[PDB]
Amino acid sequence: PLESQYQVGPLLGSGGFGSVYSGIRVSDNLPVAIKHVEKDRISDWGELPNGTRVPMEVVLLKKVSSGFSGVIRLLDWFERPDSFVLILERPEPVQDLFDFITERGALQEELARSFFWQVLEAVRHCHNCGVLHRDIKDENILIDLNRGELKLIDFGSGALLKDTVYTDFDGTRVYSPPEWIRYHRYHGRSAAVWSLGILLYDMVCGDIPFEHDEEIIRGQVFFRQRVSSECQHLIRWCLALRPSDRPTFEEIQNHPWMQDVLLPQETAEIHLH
């Protein structure tokens, strides 16, 4: 099944719950990415329409797959005795937003606006299709350098979206909201908005605002870089301590800092080429 259909490049990276290889489909030469998940390391098992037990990442990616390219395409998946293999789209040339920010330091605001807008569009699409990612960060965002288009990746910490409380959490501590640190309780939308504020701060400052649990709970945001007041306001709003004080996605995208956003293609010519 697999060996025939795909040629395997080197490793692209690995985290908890996954290892990802660069790869090529032999039939069309289409660039792919090949993700392997060990069954013994899966803490959160999903179920398909078929009534078949597979990793949650597969459930979530199937639920969001259609014309929309702000989320990574799941092309195919396989089961093996001890593992699962996911075939995912791979743009070329591409670069991880974590590496991209590392290289450039603070992003100019025009570029941050485009990037953050596209992530917001992506996350809205996820919620629309019933999916909550739970690990929004620079590491889980890819830049298609030719098209200036961003893509959410790694739904291995994700869950079905629900409007009731979540008591489990598998994503990145430093990106997690204060309600999780203190009460091991949160709600999806409000918690995602927090992690997006961490993301925006990362984009405009070159680094994340908080390292320890104590700083997260204090919720005081210091800017080490020149950032506009409109941008500051938005970040501080997303990073409100009390979830109900956080903006909704509509209110984020209607904020004054998010006006006159560049199209992706414009974003590439000015900022990436």
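Under this definition, the rigid core comprises the largest set of C-alpha atoms superposing within 1.5 Å between the forms. We number the residues from 1 along the sequence you see.
Trainee: Comparing 24-32 with 230-238, which has C-alphas lying farther from the shown form in 4 other deposited structures of this protein once the core is aligned?
Mentor: Stretch with the higher C-alpha RMS distance in 4 other deposited structures of this protein: 24-32.
Trainee: Quick one: with the core lined up, is it 61-69 or 243-251 that wanders further in 4 other deposited structures of this protein, going by C-alpha RMS?
Mentor: With the rigid core superposed, the C-alphas that lie farther in 4 other deposited structures of this protein are those of 61-69.
Trainee: Using the B-factors recorded in the PDB entry, average over the C-alpha atoms of 248-256 and of 13-21, then report which stretch comes out higher.
Mentor: Stretch with the higher mean C-alpha B-factor: 13-21.
Trainee: Averaging CA B factors per stretch from the PDB record, which one is higher: 139-147 or 75-83?
Mentor: Here the higher of the two C-alpha B-factor means belongs to 75-83.
Trainee: Looking at 124, 134, 185, 189, which one carries the largest C-alpha B-factor according to the PDB entry?
Mentor: Comparing C-alpha B-factors across 124, 134, 185, 189, the maximum falls on 185.
Trainee: Which of these, 46, 206, 209, 243, has its C-alpha atom at the highest B-factor, as the entry lists it?
Mentor: That would be 46, according to the entry.
Trainee: Of the three thirds of its chain by CA temperature factor, lowest, middle or highest, which one includes residue 236?
Mentor: It falls in the bottom third of the chain.
Trainee: What third of its chain, lowest, middle or highest, does the C-alpha temperature factor of residue 181 fall into?
Mentor: Highest third, going by the recorded CA B-factors of the chain.
Trainee: By the record's CA B-factor, is residue 169 among the lowest, middle or highest third of residues in the chain?
Mentor: Ranked within chain, residue 169 CA B lands in the highest tercile.
Trainee: Report the third (lowest, middle or highest) to which the CA temperature factor of residue 216 belongs, ranking only the modelled residues of the same chain.
Mentor: Tercile = middle for this residue's CA B-factor.
Trainee: Once the chain's modelled residues are ordered by C-alpha B factor and cut into thirds, is residue 56 in the lowest, middle or highest one?
Mentor: It belongs to the highest third of the chain when residues are ordered by C-alpha B-factor.
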